[PDB]
């Protein structure tokens, strides 16, 4: 990675299960980015979706940071394919699951673009999708998980207030300077028997609940 500052701490993200706060801390992570989403068809193994209130209390009590993210579908069922209508459906559900997990209204939700879209896909589908997220929870609460190209387009269009960079389609070694968070490792390690992805905190205010 080109140097562009350094990590301010590691956050883990995971869908397969719930990890006790003691095991997150023992893995050298300062918190987790957790799903405020349901399990899609073929995802009944995703016991990490959604975060429930008892887990949020365990993490918060242990002094760990919590960040909310949303991803329901993937690939041919990616959430953003449905544009404006899909954005209202997914944002409403994410906001309900965030509140039921104990998430505060002051905290954002990172909507996921788990893809490497063309600019035409971005204009036709991702722009109305993110506009609908902003219509439901507000611009100040809308986070975007996407590659660096998509973050740049969203920044230029004024969509989203928080950005979490993934590397699918991002130029090698590049970190977008607007990114709050950066996913740096995927499906290469487990914590408490649960497969995790590793993220670095880049900005001190990155959408943590507290």
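Residue numbers count along the first chain shown, from 1.
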query: Residue 187 left out of the model in a third or more of other PDB entries; finding: yes
query: Residue range whose averaged C-alpha B-factor is higher in the record, 120-128 or 89-97; finding: 120-128
query: Selected stretch [higher average CA B-factor]: 182-190 or 10-18; finding: 182-190
query: 155, 33, 146, 64, ranked by C-alpha B-factor: the highest one; finding: 155
query: Most elevated Cα B-factor in the entry, residues 46, 26, 69, 51; finding: 26
query: Ranked C-alpha temperature factor of residue 208 among modelled chain residues, by third; finding: lowest
query: Third assignment of residue 106 from its chain's C-alpha B-factors; finding: highest
query: Third of the chain's Cα B-factor distribution that residue 84 belongs to, per the entry; finding: highest
query: Residue 39, C-alpha B-factor rank within chain (lowest, middle or highest third); finding: lowest
query: Relative C-alpha B-factor of residue 76, binned into the chain's lowest, middle or highest third; finding: middle
